[PDB]
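Below you'll find the structure, written out as structure tokens, and then a few comments.
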Amino acid sequence: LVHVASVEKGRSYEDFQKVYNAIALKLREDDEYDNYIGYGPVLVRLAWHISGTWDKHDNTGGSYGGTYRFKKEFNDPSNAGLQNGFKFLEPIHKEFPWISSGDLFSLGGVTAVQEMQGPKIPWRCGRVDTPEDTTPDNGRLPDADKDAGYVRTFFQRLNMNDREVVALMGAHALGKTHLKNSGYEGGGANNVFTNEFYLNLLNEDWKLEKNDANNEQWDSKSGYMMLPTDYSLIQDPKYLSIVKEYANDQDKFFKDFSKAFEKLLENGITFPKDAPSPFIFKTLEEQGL
Ligand code: HEM
């Protein structure tokens with residue numbers, strides 16, 4: 001199965017920068033969401049979930065076809081809560097109806113990371129909507145109650161190695177878990193992208209507790225949390241080495257996250273040799289906007 005990127009007709013960098021700006025301006029405007037966390041974290045989570053259905057073995061799933069717009073996928077129990085990100089992107093889709101759905105969902109994640117002071121994430125256009133029957137079945141996204149070997153095996157399906165897995169998981173410094181969405185509750189409620197996930201893993205005093213949905217999670221005295229899959233990154237000695245690296249080098253972490261997140265968003269896509277190069281959007285702050 002081949003999905004060839006096809007640039008939205010006649011569009012170039014400046015068209016997509018306008019879309020980025022509209023997302024970024026709405027991020028700034030709709031500040032109250034989730035007790036003033038704002039929409040950044042849920043848009044990162046949405047970009048990852050729409051990409052994380054990919055299966056390298058047959059090229060099913062993935063961001064290309066924009067299939068999250070179909071009920072089977074937006075109703076996946078693994079996607080509970082992401083409807084808030086979809087609703088946030090709806091007026092953007094209405095203003096720019098030419099951008100494909102996969103391009104919009106993935107650009108939402110890029111814009112959120114950058115506007116939250118994260119790394120620049122190069123982004124390529126050309127995902128093309130595919131029909132409802134191309135929507136992947138539920139059950140391709142990962143469980144949180146599992147250990148390091150589960151995480152490692154899970155991410156082989158996405159063609160990610162240990163460093164890429166540990167880098168991507170640093171997004172769990174953003175936002176929070178919500179009991180009604182996932183059966184987990186807690187988190188830093190942060191909307192600034194940093195390497196704090198790794199520092200918190202190494203430096204907090206963690207206790208394994210049950211939450212009010214009767215699931216186990218790691219809680220710290222200072223009010224942070226880790227899922228069992230997060231904490232597994234310090235139980236496995238190979239992951240632990242990388243956690244220590246990122247806790248000790250914010251620039252390294254930013255560079256490695258940027259590469260892994262672009263790769264995640266592009267898995268499954270064949271780009272023509274004469275496709276445009278990846279775009280690097282300016283933030284609102286770099287534009288004086
Ligand atoms: C083993 C892998 C992973 C598991 C099991 C996992 C699980 C979860 C769970 C259970 C939640 C809480 C959902 C809710 O209650 O609202 C969550 C939130 C989140 N996840 Fe992950 N996740 C994983 C990997 C990732 C990756 C790779 C990224 C992106 C790079 C990501 C980004 C996020 C973000 C940003 C949030 C916060 C959302 C918000 O505040 O609304 N996650 N994740």
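Start at 1 and go down the list; that is how both ligands and their atoms are numbered. Side chains included, hydrogens not; waters and symmetry mates left out as well; all remaining heavy atoms used. The chain is numbered in sequence order, starting from 1.
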Looking just at side-chain N and O atoms, do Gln235 and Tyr231 make a donor-acceptor pair shorter than 3.5 Å?
-> no
Ion pair present between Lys176 and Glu185, side-chain N to carboxylate O less than 4.0 angstrom?
-> yes
Are there any protein N or O atoms under 3.5 Å from the N or O atoms of ligand 1? List them with distances, or say none.
from, atom 1, to, atom 2, distance (Å)
ligand 1, 15 (O), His178, N, 2.8
ligand 1, 15 (O), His178, O, 3.2
ligand 1, 15 (O), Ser182, OG, 2.7
ligand 1, 16 (O), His178, ND1, 2.7
ligand 1, 16 (O), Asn181, ND2, 3.0
ligand 1, 20 (N), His172, NE2, 3.0
ligand 1, 22 (N), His172, NE2, 2.9
ligand 1, 40 (O), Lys176, N, 3.0
ligand 1, 40 (O), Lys176, O, 3.3
ligand 1, 42 (N), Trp48, NE1, 3.2
ligand 1, 42 (N), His172, NE2, 2.9
ligand 1, 43 (N), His172, NE2, 3.0

Please name all residues satisfying side-chain hydrogen bond (donor to acceptor under 3.5 Å, both in side chains) with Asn59, sequence neighbours left out, ordered by chain then number.
-> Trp54
Under 6.0 Å from the CD atom of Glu285, do we count more than 12 heavy atoms belonging to anything else shown?
-> no
Can you give each donor-acceptor pair under 3.5 Å made by side-chain atoms of residues 262-280, sequence neighbours left out, with the distance rounded to 0.1 Å?
from, atom 1, to, atom 2, distance (Å)
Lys263, NZ, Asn159, O, 2.8
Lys263, NZ, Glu164, OE1, 3.2
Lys263, NZ, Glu164, OE2, 2.8
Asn267, ND2, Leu158, O, 3.1

Counting only pairs under 3.5 Å, give me each side-chain donor-acceptor contact of residues 3-10, with atom names and distances, residues two or more places apart or in other chains.
from, atom 1, to, atom 2, distance (Å)
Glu8, OE2, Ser100, N, 3.1
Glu8, OE2, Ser100, OG, 3.4

